[PDB]
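A.B. asks:
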Amino acid sequence: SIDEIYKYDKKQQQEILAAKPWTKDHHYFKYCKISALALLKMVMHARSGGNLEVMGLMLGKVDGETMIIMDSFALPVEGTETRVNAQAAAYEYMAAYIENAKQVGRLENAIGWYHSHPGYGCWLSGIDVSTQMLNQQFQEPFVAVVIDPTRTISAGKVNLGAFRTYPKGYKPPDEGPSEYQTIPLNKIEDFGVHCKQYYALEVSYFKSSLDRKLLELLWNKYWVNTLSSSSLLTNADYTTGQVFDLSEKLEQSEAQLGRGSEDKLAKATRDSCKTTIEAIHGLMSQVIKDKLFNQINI
Amino acid sequence: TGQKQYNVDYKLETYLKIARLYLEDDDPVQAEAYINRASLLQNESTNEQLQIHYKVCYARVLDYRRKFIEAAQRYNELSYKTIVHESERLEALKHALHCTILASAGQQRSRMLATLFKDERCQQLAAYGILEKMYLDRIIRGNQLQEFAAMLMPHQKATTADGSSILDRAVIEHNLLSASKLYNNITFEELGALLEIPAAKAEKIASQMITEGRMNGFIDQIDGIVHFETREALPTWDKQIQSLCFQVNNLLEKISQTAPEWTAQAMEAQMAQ
Amino acid sequence: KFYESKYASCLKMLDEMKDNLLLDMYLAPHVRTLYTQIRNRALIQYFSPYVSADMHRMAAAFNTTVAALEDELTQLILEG
Amino acid sequence: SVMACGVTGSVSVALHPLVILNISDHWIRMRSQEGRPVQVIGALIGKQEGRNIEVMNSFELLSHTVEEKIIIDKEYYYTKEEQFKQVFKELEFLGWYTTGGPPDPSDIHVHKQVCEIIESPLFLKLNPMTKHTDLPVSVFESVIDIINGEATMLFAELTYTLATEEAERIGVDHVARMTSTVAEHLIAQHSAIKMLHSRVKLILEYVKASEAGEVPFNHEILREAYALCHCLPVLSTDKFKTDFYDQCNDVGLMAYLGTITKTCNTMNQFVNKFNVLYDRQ
Amino acid sequence: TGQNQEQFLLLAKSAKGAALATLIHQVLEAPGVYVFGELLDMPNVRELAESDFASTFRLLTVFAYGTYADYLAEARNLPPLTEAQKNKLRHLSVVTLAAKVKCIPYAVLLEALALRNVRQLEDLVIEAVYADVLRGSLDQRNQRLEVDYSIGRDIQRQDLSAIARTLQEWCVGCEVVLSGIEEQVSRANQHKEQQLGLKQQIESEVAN
Amino acid sequence: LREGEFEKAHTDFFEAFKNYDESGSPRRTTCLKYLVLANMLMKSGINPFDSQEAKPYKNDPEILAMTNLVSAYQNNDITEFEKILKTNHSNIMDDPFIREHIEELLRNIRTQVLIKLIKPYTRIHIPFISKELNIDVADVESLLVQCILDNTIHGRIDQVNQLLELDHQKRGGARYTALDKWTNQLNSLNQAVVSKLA
Ligand SMILES: [Zn+2]
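Residue numbers (the deposited numbering), protein chains in the order written: chain E, 24 to 283, 296 to 333; chain D, 134 to 406; chain A, 368 to 447; chain F, 29 to 207, 215 to 316; chain G, 8 to 215; chain B, 246 to 443.
(1) Using only alpha-carbon positions, find the residue among 207/D, 316/D, 201/D and 388/D that is nearest to residue 2/G.
(2) Could you round the C-beta distance between residue 240/F and residue 399/D to whole angstroms and report it? I think they count as a contact, below 8 Å.
(3) Under 8 Å between C-beta atoms, does residue 375/A make it to chain B?
(4) Give me, in chain order, the residues of the same chain whose beta-carbon lies closer than 6 Å to that of residue 140/E; leave out the 5 immediate sequence neighbours on both sides.
(5) Do the stretch 305 to 324 of chain D and the stretch 326 to 345 of chain B meet, that is, are 3 or more Cβ pairs less than 8 Å apart?
(6) Nearest to residue 407/D by alpha carbon, out of 152/F, 274/F, 236/F and 258/F?
(7) Between residue 142/E and chain B, is any beta-carbon pair separated by less than 8 Å?
(8) Might you give, ordered along the chain, the residues of its own chain that have their beta carbon closer than 8 Å to the beta carbon of residue 253/F, omitting 5 neighbours on each side?
(9) Looking at the unbroken beta strand (DSSP E) that takes in residue 317/D, where does it start and where does it end?
(10) Report yes or no: do three or more beta-carbon pairs, one from the stretch 29 to 46 of chain F and one from the stretch 163 to 178 of chain F, lie closer than 8 Å?
(11) If you draw a straight line from the C-alpha of residue 435/B to the C-alpha of residue 308/F, how long is it?
(12) Would you call the stretch 371 to 388 of chain D and the stretch 242 to 252 of chain E in contact, with 3 or more CB pairs under 8 Å?
(13) Using Cβ-Cβ distances below 7 Å, what residues of the stretch 295 to 318 of chain D are close to chain G?
(14) In chain D, which residues lie less than 8 Å from residue 106/F when you measure between Cβ atoms?
(15) Name, please, each residue of chain B whose Cβ falls closer than 7 Å to the Cβ of residue 427/A.
(16) Quick one: list the residues of chain B neighbouring residue 263/E, beta-carbon separation under 7 Å, in chain order.
(17) Skipping 5 residues on each side, what residues in its chain have a beta carbon closer than 7 Å to that of residue 16/E?
(18) Cα separation between residue 323/E and residue 55/E?
(19) Across which residues does DSSP place residue 151/F in a beta bridge pair?
(20) Between residue 62/G and residue 85/G, how many whole angstroms is the CB-CB distance? I'm expecting something under 8 Å.
(21) Residue 155/F and residue 164/F: beta carbons closer than 8 Å?
(22) What do you reckon, are the CB atoms on residue 176/E and residue 249/E nearer than 8 Å?
(23) From 299/B, 349/B and 433/B, pick the residue whose C-alpha is nearest to that of residue 323/B; which is it?
(24) Give me whichever residues DSSP pairs with residue 55/E in a beta bridge.
(25) CB-CB under 7 Å to residue 41/F, same chain, minus the five flanking residues each way: which ones, in chain order?
(26) In or out: residue 205/F buried (at least 16 other Cβ within 10 Å) or exposed?
(27) Pick from 126/G, 166/G and 198/G: whose alpha carbon is nearest that of residue 150/G?
(28) DSSP has residue 75/F in a bridge; who is on the other side?
(29) Any C-beta of chain D sitting closer than 8 Å to the C-beta of residue 361/B?
(30) Leaving out the 5 sequence neighbours to the left and right, which residues in its chain are closer than 8 Å to residue 146/G when beta-carbon positions are compared?
(31) Here's a check: name, in chain order, each residue in its chain whose Cβ is nearer than 7 Å to the Cβ of residue 285/B, leaving out the five neighbours to either side.
(32) Using the beta-carbon of each residue, which ones in chain F are nearer than 8 Å to residue 240/D?
(33) At least one CB of chain G closer than 8 Å to the CB of residue 366/D: is that the case?
(34) Check whether the Cβ of residue 104/E sits closer than 7 Å to any heavy atom of ligand 1, and report yes or no.
(35) Answer yes or no: the CB of residue 169/E versus the heavy atoms of ligand 1, is any distance below 7 Å?
(36) Confirm the yes/no value for this check: CB of residue 151/E, any heavy atom of ligand 1, distance under 7 Å.
As C-alpha cells, this is what we get:
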C-alpha cells in the first residue's frame, strides 16, 4: 500500500515518545524518509535563498529506526550558519504556524530542521552542531537536513543530507563511509574540526499513489520544460564561486610542492573535473536545443 | 452617551443621515467619519434596505474622497444585489467602472479591470471601449479620453499642479507603459507623436516613471531614445521554444478532440515502430 | 585647491613656493620627488572623472604646452 | 452544465508543479484521515504582472458547512496571510483550489466568498479520480453574464502552462524517476525529445491523412499546422548567434582550463613516479 | 476567428448571388476575421467565380492567399476597398513576411505595404498586435520588426505537401538527435567500462 | 561648525537650546535657528520640531523661515529653497553664521536633485542639467567632477561632446575575474610541476 505511510497514528507516536528507544542507542536512528512534497518545498525554498543560507522547520514522525519527513516550512530568520540556535528567533512564528496547521489537518509535529549550504556541500558546521546538539538535548527526536540548491541545479541531481549529532563526550564507531564532497577552503577547517561529532542517516524518498498518477500526467506537458532549461545562466555565480575557490586550492597545492597535505593537487583536480563536467553538460543541453529548434529552416 | 439605549436601526439611520448631510455640504472627511461609525452597526442590522442605503452612501463617500479603488469595489458589489432594480445595478456598475479607470495604477486596479471586463453588462456602457483598451494594455487616443472626461462628475476631474488632470496624466502613463510592451526602444519625437504629446513631455514622464520604478528602462538623451526592458538574448530563445512546444501540445489536443479515430489509429503506429 | 580640482592656481602657488622651499635644509633634497609626485597625482585626479578630455584645457589647467602634456601623459600611461 | 462555455479571456496562467503536489498531498492526507475521499479547499499564491499570472505556492484553507453550504473561514485566511507574508514577501493571493469533477453550484458559492477577499480570483480544480489520459488540472476565471434576464456568475476555462524553475524541474524529475556522468544526464532530454518526436509524428500523419484524402479536411487545424511550420527555426538573429557562441566559447575555455588542470595532475603523477624508478630522487 | 466562422457560415448556406457578393464586402470589413478558408471553399461562393461577381471572388482569393502588393498590381480589376480593408490586407502581408523571416527591416515593410513614414507602419504593426494577429516587438534603432508569433492564413490544398516537407525535415532532425544521444551515451559507457577494465589490469600487476 | 563637526554641533545646539528653554529668550530662538542649520548641515536630521522641546516653537513668526527651509531641504527642492531665501531675506541672510553655510547647503540640495535626475539616464547632456538645476555650465562640470571624485555619482564626463556617460554597463564580470585567477595559478603551478624533473 503506497499510501500506508500517510496514515497518522497519534497513540502510536505517543507510545514511541513515551518509550524513548533512542536513549538506549546513540545510533538508533539510521534512516530518513522524505516526502516528495517536503523535498520539493525545501529545494524550492533553498533555491529562493539564492547564495544566502535559509532555514526552516520539518514536520513528521518516527517509525522504528526511521525518521519520516512529511512536510516543511520556511522560518523568517536572520543568521542561519552564524547564530547558534538561530531558529529560536522564530519561536513565536513556529508556535502559531503549527497551531494553524493543526486547524487544517496537519497532524504531524516538529521532526527536525532544514537549512541550505549554497555551493558548499551537505555537512554540519560548528554552529550547526551546537544547534543540533541543543535540539537533541531539548527537542528529541530531531534531525538536521542540509541541502545545496546550487549543486542540485549544476549537477542535475538532488544534493541533500540528513544528520544527527553525538552527545558531548561520546565517541563514534568504526562506521563512517563518508561519501566524498568538494569542501571550499573557507569551510574545510571547520568541517574537519566537527566532522566526527555527528553521523549521516540513509536518505530515501516517497510519493503517494495520486502523486505517482499526477506526475506521469504532468510529464505529458512538463517535457516542454526539459527542452527549455537554460541551466548555464540560472546559477552562473556557482561555477564562478567554485573557480574562485579552486584557484586558492591550486595555490595551496602549489605551496605543497614548493618545499613541503596528502596530495592536494589530486583533490583540486577532482573538484575542477566536477565543475567542468557540469558546465559541459549545460552546453550539451544548449547544443541539443540548437540541433532540435534552430537547424531546421524552411 | 445617553441613558436611552437606541436601537441599531435608529443609530444606523441617523449616522447615514449625518454622512449624507456632510456629503451635501462638500465635507467628505466628516461624512467618512460618520459612515465609519455606521459600518460598525450595518452587519448587526436586519433591515436589508437600510444596509443597501449605507452601502450606496459609503461608496459615494469613498468616490468623493477619491478612494477610487475602494469605491469601485463597493459599487461593483452593489451591482450584484438582485434586490436592487436592474437600472440601479447598472448605475452602480457604471460608477464602479468610472472609479476603476480613475483609480491609481496597481494590482488592485488591474484586478478590478479584469473583474469588470469579465462582466458582460459592461458592454452596455459608453466607457466599455476605454475599459477594454485599458484592460488589454492598448494605447488610448486623445479623442477617446475627451469623450470619457465628458462622462465624469466635476469632483472626478481633479487637477494637479499645471492645470493637467489626474486622468490626463494617468492616460499618458498608461500609454507609456503600453508602448513599453510594443517596443524595445523608441525616439522621443516618435513616442510623443504616438502618444499625442510633445517630445519633451514624453521624455520627462518616461524619466519619471523609470525613476519611480513603475516602468523598467533607460534613456539616452544624446540619441533621444528610451530603451524598454528587453529581456532578450538566450532566455527569450528558451521562451520561444516553450511557445513552439505549447503550440505542439495544443495542436495534438485539437487533433484528438476533432478526430479521435485517426488519433488512435496513428497512435498504434508509434507502438508498432 | 588640489582637493577642489583647481590645479592651475595649485601649481601656480606650488611653483611660487618652489624656489623658497629649495633653500630649506631638510626639505630641499626631496623637492624634485615631492613636486613630481604631486603633479602626477594631480594629472590622475584631473583625468579620473573623464571618459574623453580636451588636451588644450588640460595643458592650460596644468600650466604647460600640449606637446609637453602629450609626452608627460605618454609616460603616465606607460607606467602610471 | 451551468458555466460560461464561450470566448476565452484574461490572464495567461503559469502553474508551478509544487502547487499540484500540495493539493495532491492535501487530498491524500484528508482521505487517509477520514478513510473516504474528502473534498479539500485551499489558497493559491504567487505573482501577477498585469494579465500574466504565475501560481507558485498554495496552502490549505479552513471551512465549515452551514446546513448544505460551504463557508470559508475568512479570519483564518487573514491570519494565514499575515504568516505567509513573512517568508514569501514578494507573493500575493491569486485564487483558490478544490478537488472534484467539472465545476458545480457549490464552487460558485465559494468563489463568490473568495471574490469578497480579492477582485478577480482564479479557480483551480484537481480531479483525483480521473478516468482520462490528460492531466486532471483545470483553471477557470469567473465571468458575470446575463441568462434569461438574470445577471449570474459562471466559470470560463483558461489554458495554462507549467513553470520553468530549474531546481523544481530537477526535483520533479528526481521524484518522477525514483530509481557514467553523461548516460544519466541526457536520459531526461532523450525522453523529452522522444515525446516531441511523437507529437511531431502525430501532427505530420494528420497532415498527410488530410492531404491524401478519406480523413476529413479541416481549414483550421492544417492552418495551425502551417502556423507551427512557420515558427521554425526559433531565433535565427545575429544577436542570438553572438550570444550562443559566447556561451559555447565560455564553456569551451572553461573546459580547456579544466583539461589543463587534469593534465597538470597527470604530469605531476608521472614525474613523481619517474623520480623514483628512473631517478634516485 | 471562431465565432465569426459559424455566424457567417450560417448566412453563407442561406444566401444567393448578390447577397453573397455583398457578404464578401461584409466579412472583409469586419474585425477578427483574418481566415477565409471555410468561406472560399463554399459551393455558393464557387458559383460567383467566372460569373457576374468575379472580381469579388478574386478579391477574396487575394485576401486569403495574396498580399497588398498583389492587390496594387490588380487594383484596376479588383473592387475598391476602404481604409479598414486595406489595413487588414496589410496586416496579412506582414504575416506573410513574418512567415518568410523572423526579423523584418522597415524598408521591406514600407515597400511591401506601400507606406511613406515610420509611424504609419508602426501604428499598423500595433493594430496587428492589438487584433491578436501578430506577436512581437519593434526595434527603432536598428529599424527592424522582431516577430515572436504569426498566425496561419493560407490553406493551400495543392501546396499542403510543403508543410509535411518541413514536418518530416523536423522529424528526421529529431531522429538524428535521438540516435546521436543513443550513440554518445553508448560511447560514454564504452569508454568507462574499458578504462575500469584497464585499471583492473594495472591494479593486478601491483601484486607482482 | 567652524571646524566641520556637524553632529557634535547638533548635540551642542540641542542641549544649549534646552538650557535656553529653561532660562528664557532671546538666545532661545537664535539657538533654535542654529539647531535647524546644524540639522540640515548634518545631512540629514530633517526632524527638528518633531523631537521634544522644539514641537510648540515651530509656530513662532521669527523661526518660521527655518521650518520652511528645513521642509524644502527635506523634500530636496532648489526652487522652493531659493524662494524662501528670497521671501525671508533679512531673517536669514543678516546672520553671518547661516550666510556662511547657505552656499554649502544649496550645493547639498543640488547634489541630491542631480542624483535623482541622473538615475534614469545612461547618457545625459550637460546643458540640460545646467537648465534643469539652474546653474552655470562650468559649475555643473565642476560639481560633476567633485561628485564623481567623491564616488557619489557613478559615471564619467565626455568633455568633447559635452555629456555625462553614466555607469550602467554591468555584466557577468565576476566569472572572468575568477577564470583570470585560475589562469594565473595554473601558470605558476605548471611551472612548479615541470620544475620537479631536474
Ligand atoms: Zn550549515
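Note that the Cβ used here is the ideal one computed from N, Cα and C, for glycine as well.
C.D. replies: Considering the structure as presented:
(1) With chain G covering 8 to 215 only, the question about residue 2/G has no answer from this structure.
(2) Within the fourth sequence, residue 240/F is the residue found at index 205, counting from 1. Within the second sequence, residue 399/D is the residue found at index 266, counting from 1. The Cβ separation is near 4 Å, so the contact holds.
(3) Counting from one through the third sequence, the residue named residue 375/A turns up at place 8. Not closer than 8 Å to any Cβ of chain B, the Cβ of residue 375/A fails to qualify, so no.
(4) As a working mapping, residue 140/E is identified with position 117 in the first sequence. For residue 140/E, where only same-chain residues beyond five positions count, the Cβ hits under 6 Å are 169 and 171.
(5) no
(6) This structure cannot speak to residue 407/D, because chain D is shown only from 134 to 406.
(7) Sequence index remark: in the first sequence, residue 142/E carries index 119 (1-based). No, no contact with chain B.
(8) Within the fourth sequence, residue 253/F is the residue found at index 218, counting from 1. For residue 253/F, where only same-chain residues beyond five positions count, the Cβ hits under 8 Å are 245.
(9) Taking the second sequence and counting its residues from 1, the one referred to as residue 317/D is at position 184. 316 to 320 is the span of the beta strand (DSSP E), which, as asked, contains residue 317/D.
(10) yes
(11) Residue numbering aside, residue 435/B sits at position 190 when the sixth sequence is read from its first letter. Residue numbering aside, residue 308/F sits at position 273 when the fourth sequence is read from its first letter. Rounded to whole angstroms, residue 435/B to residue 308/F spans 17 Å at the Cα level.
(12) yes
(13) 315, 316, 317 and 318
(14) Against the fourth sequence, residue 106/F aligns to sequence position 78. Under the 8 Å cutoff, chain D gives no residues; its nearest Cβ is about 16 Å from residue 106/F.
(15) The residue labelled residue 427/A in the question sits at position 60 within the third sequence. The contacting residues do not exist; residue 427/A stays about 13 Å from chain B at best.
(16) For the purposes of this step, residue 263/E is identified with residue 240 of the first sequence, where counting begins at 1. The contacting residues are 419, 420 and 423.
(17) The requested residue 16/E is not part of the displayed model; chain E covers only 24 to 333.
(18) In the first sequence, counting from the first residue as 1, residue 323/E sits at position 288. In the first sequence, counting from the first residue as 1, residue 55/E sits at position 32. So the two alpha carbons sit approximately 37 Å from each other.
(19) By 1-based counting over the fourth sequence, the position of residue 151/F is 123. DSSP, once it has assigned bridges, lists 124/F and 168/F as partnering residue 151/F.
(20) Working through the fifth sequence from its first residue, we reach residue 62/G at position 55. Working through the fifth sequence from its first residue, we reach residue 85/G at position 78. About 6 Å; that satisfies the 8 Å criterion.
(21) To locate residue 155/F, count along the fourth sequence from 1; it is residue 127. To locate residue 164/F, count along the fourth sequence from 1; it is residue 136. Result yes, Cβ atoms of residue 155/F and residue 164/F sit closer than 8 Å.
(22) Position 153 of the first sequence holds residue 176/E. Position 226 of the first sequence holds residue 249/E. In this structure, residue 249/E does not lie closer than 8 Å to residue 176/E by Cβ.
(23) Position 78 of the sixth sequence holds residue 323/B. The option with the nearest alpha carbon to residue 323/B is 349/B.
(24) Looking up residue 55/E in the first sequence gives position 32. DSSP, once it has assigned bridges, lists 90/E and 226/E as partnering residue 55/E.
(25) Along the fourth sequence, read from residue 1 onward, the residue named residue 41/F stands at position 13. Closer than 7 Å at Cβ, skipping near neighbours: 81, 83, 150, 167, 186 and 188.
(26) Along the fourth sequence, one-based indexing puts residue 205/F at 177. So residue 205/F ends up on the exposed side.
(27) In the fifth sequence, the residue the question calls residue 150/G occupies position 143. Looking at the Cα atoms, 126/G is the closest of the given residues.
(28) By 1-based counting over the fourth sequence, the position of residue 75/F is 47. According to DSSP, which records beta bridges pairwise, residue 75/F is partnered with 82/F.
(29) Position 116 of the sixth sequence holds residue 361/B. Yes, contact with chain D.
(30) Reading the fifth sequence from its first residue, position 139 is the one you call residue 146/G. Here the set comprises 152 and 153.
(31) As a working mapping, residue 285/B is identified with position 40 in the sixth sequence. Excluding sequence neighbours, residue 285/B sits near 315, 318 and 350.
(32) Along the second sequence, read from residue 1 onward, the residue named residue 240/D stands at position 107. Neighbours of residue 240/D on chain F, chain order: 76 and 120.
(33) Here residue 366/D refers to the residue found at position 233 of the second sequence. No - not a single Cβ of chain G is within 8 Å of the one on residue 366/D.
(34) The sequence position of residue 104/E within the first sequence is 81, counting from 1. Yes, ligand 1 has a heavy atom inside 7 Å of this Cβ.
(35) For this step, residue 169/E is matched to residue 146 along the first sequence. The answer is yes for residue 169/E.
(36) Within the first sequence, residue 151/E is the residue found at index 128, counting from 1. Yes, Cβ of residue 151/E sits closer than 7 Å to a heavy atom of ligand 1.
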